[PDB]
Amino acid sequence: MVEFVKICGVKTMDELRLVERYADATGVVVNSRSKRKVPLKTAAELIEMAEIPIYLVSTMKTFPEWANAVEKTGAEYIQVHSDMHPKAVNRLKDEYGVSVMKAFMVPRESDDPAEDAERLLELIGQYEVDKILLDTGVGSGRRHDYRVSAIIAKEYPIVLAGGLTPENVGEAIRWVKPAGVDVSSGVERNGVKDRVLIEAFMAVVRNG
């Protein structure tokens, strides 16, 4: 049983209200290399009208960048998609009172997933965050990424992310057994959050 579902990358009020009927959390992307990027003012509006937790999602690297974006948007939740220092992560929680989900890339430095898993756990232990997101990759290495993530998921209630779709999320869940899943383009139709795709995704998460 997955307890947490996040649909990331809402760009409009229409996409937000749709996602809110299904997801435990959503996210709005700023100051990042992303098709879902919106200006800070646009993110500030979605953050104000959201009725579920909405993450300010970004690859911003430095404290002043994050601090400016938190001041301008009023974000309560942030998703740090970068290797900003745990000390800088902690400064944001104390000085702005935000909850943090930290995203980690799944390393592919060994053919044995257990060794990539050991390296990943030592990086994760360096942070004090509400939530751990594991961002899985593509191609043939994806099966390796699931094997790594499955080891991590025994130690932390991780959120599994990366290329999830209605067609493949069932295998990802019973392979990795995460506490949560995160999906973006897998529930888009021509780049718009799509109700029928979301319902197909949720059916798998709730069924088995």
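The first residue of the sequence shown is number 1, and the count goes up from there.
A summary of the deposited B-factors shows that, of 147-155 and 38-46, the stretch with the larger mean C-alpha value is 147-155.
Looking at mean Cα B-factors across 50-58 and 161-169, the upper value is held by 161-169. When the C-alpha B factors of 132, 84, 92, 75 are read from the deposited coordinates, the top value falls at 84. Residue 27 sits in the lowest third of its chain by CA B factor, as recorded in the PDB entry.
Looking at the C-alpha B-factors along this chain, the one for residue 178 belongs to the middle third. The deposited CA B-factor of residue 120 belongs to the highest third of values across its chain.
Ranked by Cα temperature factor within the chain, residue 8 sits in the lowest third according to the deposited record. In the PDB entry, a CA B factor belonging to the highest third of its chain's modelled residues is recorded for residue 138.
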